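Below you'll find only one chain, the form deposited in one PDB entry, shown as structure tokens.
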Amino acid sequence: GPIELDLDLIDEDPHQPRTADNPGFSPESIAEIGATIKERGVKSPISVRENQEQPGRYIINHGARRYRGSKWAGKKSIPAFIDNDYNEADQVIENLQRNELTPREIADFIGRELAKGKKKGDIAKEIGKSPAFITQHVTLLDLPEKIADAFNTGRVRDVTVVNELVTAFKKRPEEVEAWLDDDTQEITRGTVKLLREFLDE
């Protein structure tokens, strides 16, 4: 098993590669992971090494956000394992060697929850995200036909841009379809911003 370690006994590593400026150490970001820890617990135990200088204490290998989130959530302890064979490169590995769910995969998860009758509000809570994040992904579950093609072929991949394109389609469907019908037309945050403006003239 993992050990439940008193937070009082744990120090952050001052040479960790994540610096103070990192978005992930913003109060909002710690609050976000913190809420999931309050609800579900830390699900991936942190890695610590024994402090050689102060026996009985531990230094974080990986897990500073889980640690700060645990404090935010009012936890007295955190699940952890001891690994004294952990180096600075491993800390960068922990962070770089991982891959996200796609927007489609997130939408489809939301879809399966909606199909079971769960409210958007509760779907937000159980994954620790905002209602606006749910809304943006839900858009992908019922895309207009031409926009769906562009999304599936990979001609546009960013959920925010897809949403902006749908919002335009609702107000002016013929004009957006003719813009997509051009093969030279790339789809970026920028080109869509240009399309929105063209349509308000």
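A residue's number is simply how far along the shown sequence it sits, counting from 1.
Unshown form deposited in another entry; subsequent notes refer to it.
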property	result
Hinge pick from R98, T153, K171, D85, given that two rigid parts rotate relative to each other between this form and the one not shown	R98
Cα distance between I106 and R68, which in the other form differs by 3 Å or more from this form, closer or farther	closer
Closer or farther in the other form: C-alpha pair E105, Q97 (3 angstroms or more)	closer
